[PDB]
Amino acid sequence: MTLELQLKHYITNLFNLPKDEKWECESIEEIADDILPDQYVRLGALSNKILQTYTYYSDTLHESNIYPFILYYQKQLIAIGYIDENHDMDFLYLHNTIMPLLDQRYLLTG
């Protein structure tokens, strides 16, 4: 099962969303310093790194005011989570290219 689909099962169950609603995906590159909380953006780790960004969207996702996201730096997974209704980032996974910082990927086991 793909990461996107694990994320979808997790979010739809957590937020009680329709399972057969289509999730579309927007991919954008942006510097880590403008995406992540400051405490997680540090010289020699994520600072000044361009991330490849996947943000998922649908009508019931917009109604719940959340944005599920997956972040990469080239081939290395950097983050999995969702921006919640307060516009805070909520992580299931976070790696800074040196070590894993947060890892609740067991939540994606389906």
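For clarity, a rigid core is taken as the largest C-alpha set superposing within 1.5 Å between two forms. Start at 1 and count along the sequence shown; that's the residue number.
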{"property": "Core-aligned Cα RMS comparison in 4 other deposited structures of this protein - stretch that moves more, 76-84 or 39-47", "result": "39-47"}
{"property": "Positional deviation of Cα atoms in 4 other deposited structures of this protein after core superposition, greater for 88-96 or 5-13", "result": "88-96"}
{"property": "Higher-B stretch (mean Cα B-factor, as the entry records it), 50-58 or 73-81", "result": "73-81"}
{"property": "61-69 or 27-35, whichever carries the higher mean Cα B-factor", "result": "61-69"}
{"property": "Maximum C-alpha temperature factor, selected from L102, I11, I98, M89", "result": "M89"}
{"property": "Chain thirds of CA B-factor: placement of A45", "result": "lowest"}
{"property": "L108, C-alpha B-factor rank within chain (lowest, middle or highest third)", "result": "highest"}
{"property": "Chain-wide C-alpha B factor ranking for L7, given as lowest, middle or highest third", "result": "lowest"}
